[PDB]
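Engineer: Heads up: take any position in the sequence shown, counting from 1, add 1239, and you land on the working numbering.
Every residue, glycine too, gets a C-beta built ideally from N, C-alpha and C.
Here it is: the structure, laid out below.
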Amino acid sequence: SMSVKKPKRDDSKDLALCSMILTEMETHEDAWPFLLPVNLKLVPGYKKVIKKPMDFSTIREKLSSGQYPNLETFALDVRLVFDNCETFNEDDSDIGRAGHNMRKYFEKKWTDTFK
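This is the structure:
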């Protein structure tokens, strides 16, 4: 509350460490469904169904331009990528399986880096 604060967690490396996590996600072999925005002209249903499209390139541009106020807003956009994928793709498809794998990969990195 006013003039009463928990001790200051060091957040000065968060930007660098999110960039590293994101590099590791970008270079994973199963990243290919996620690298670029889904082409809303060419994928029927995507525009109407997925209210907030997100992809790694968009996260990378937001990160690089100071559009994440903190590491939680960054994790929200990464998870959005996987939540979108599960919304649109059957579990038993290559893209569906890609999405589960990447989410697992991300969550381990996240826990090991920050928790």
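If I'm right that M1293 touches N1323 with Cβ under 8 Å, what's the distance once you round it to whole angstroms?
Structural biologist: 6 Å
Engineer: Since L1315 and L1261 should fall inside the 8 Å C-beta cutoff, what is the C-beta to C-beta distance between them, to a whole number of angstroms?
Structural biologist: Not a contact, Cβ separation roughly 14 Å.
Engineer: Could you tell me the boundaries of the alpha helix (DSSP H) in which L1261 lies?
Structural biologist: 1253-1266
Engineer: First and last residue of the alpha helix (DSSP H) that includes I1298?
Structural biologist: 1295-1303
Engineer: Taking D1322 as part of the alpha helix (DSSP H), name the residues at either end of that continuous run.
Structural biologist: The continuous alpha helix (DSSP H) containing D1322 extends over residues 1310-1327.
Engineer: Mapping DSSP to helix, strand and coil, what is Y1344?
Structural biologist: helix
Engineer: Using the three-state DSSP reduction, which class does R1336 fall into: helix, strand or coil?
Structural biologist: Here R1336 sits in helix by DSSP.
Engineer: So the candidates are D1330, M1241, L1254; which of them puts its Cα closest to the Cα of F1353?
Structural biologist: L1254
Engineer: Tell me which same chain residues have a C-beta within less than 7 Å of the C-beta of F1345, skipping the five on either side of it?
Structural biologist: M1264, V1317
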